[PDB]
Amino acid sequence: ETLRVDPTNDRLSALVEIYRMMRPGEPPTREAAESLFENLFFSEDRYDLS
Amino acid sequence: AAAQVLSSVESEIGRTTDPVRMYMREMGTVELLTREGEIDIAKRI
């Protein structure tokens, strides 16, 4: 059901949706969205579970 | 061709109020006109 209610269809559109939720108003790009999502949880500097 | 993306952006902004974002969108409209461009512009002056 969640997949059904999900308007996104590919990786880039999901990354853009992430960008627009995190940085509303800013027109997202490929590299900006990719860097933002990667730095969210998959960067050892901006994320530590400990 | 930058206002044709700003159209969708402003139609789908996240109710933005920060002047940093508004400025950084509009200064980004105009592209880097340097080197040869700058000399041509300097001659028009």
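Data block above holds the structure.
The rules we used
- Residues numbered from 1 in each chain as written, not as in the entry; some residues may be left out.
- Chains lettered and ligands numbered in written order.
- Part of a larger assembly, values for the part shown.
- Heavy atoms only, no water.
- Helix = DSSP H or I, 4+ residues; strand = E, 2+ residues; numbered from the N terminus.
- Buried < 20%, exposed > 50% of the residue type's maximum accessible area, 1.4 Å probe, protein only.
- 1 Å grid on protein atoms, 1.4 Å probe; cavity = no way out; pocket = protein on both sides within 12 Å on 5 of 7 lines; lining within 4 Å.
- Points joined across faces, edges and corners; volume = space filled by probe spheres on them.
- Nonpolar A, V, L, I, M, F, W, Y, C, P; charged D, E, K, R; others polar.
- Contact = heavy atoms within 4.5 Å.
- Buried area = accessible area lost by both parts, 1.4 Å probe.
- Salt bridge = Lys/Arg side-chain N within 4 Å of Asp/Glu carboxyl O.

So, about unusual backbone geometry. Residue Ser50 of chain A is not a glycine yet carries a positive backbone phi of 80 degrees. Of note, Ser50 of chain A is situated in the segment after helix 3 (30-41). One non-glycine residue with positive phi stands out, namely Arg35 of chain B, at about 50 degrees. Assignment of secondary structure puts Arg35 of chain B in the loop between helix 2 (19-29) and helix 3 (36-44). A relative accessible area of 73% means that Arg35 of chain B is categorised as exposed.

We now examine the layout of surface pockets. If you add up the space inside the largest pocket, you get close to 370 Å³. Around the largest pocket sit 19 residues that line it, and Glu26 and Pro27 of chain A together with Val5, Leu6 and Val9 of chain B are the ones nearest its centre. Taken together, the elements giving at least two residues each to the lining of the largest pocket come down to helix 1 (3-11) and helix 2 of chain B. By residue number, the principal contributor to the lining of the largest pocket is helix 2 of chain B, which donates six residues. Taken together, the residues of the lining of the largest pocket break down into nine nonpolar, five polar and five charged.

Attention now goes to the environment of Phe37 of chain A. Residues and elements named next belong to chain A. Within the secondary structure, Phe37 is located in helix 3. Each C-alpha atom, one on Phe37 and one on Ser13, is 12 Å from the other, the two residues being 24 residues apart in sequence. With sequence-adjacent residues up to four places away left out, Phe37 is seen in contact with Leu15, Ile18 and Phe42.

Another aspect to go through is the interface of chain A and chain B. At the junction of the two partners, chain A supplies six residues and chain B supplies seven residues. Counting the surface lost from both chain A and chain B, the interface buries some 510 Å², and carbon and sulfur atoms represent 62% of this. When the area that chain A buries against chain B is broken down by residue, the three leading residues are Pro24, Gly25 and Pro27 of chain A, summing to 72%. For the interface between chain A and chain B, the tally reads zero salt bridges. In the side of chain A that touches chain B, the residues fall into two nonpolar, one polar and three charged.

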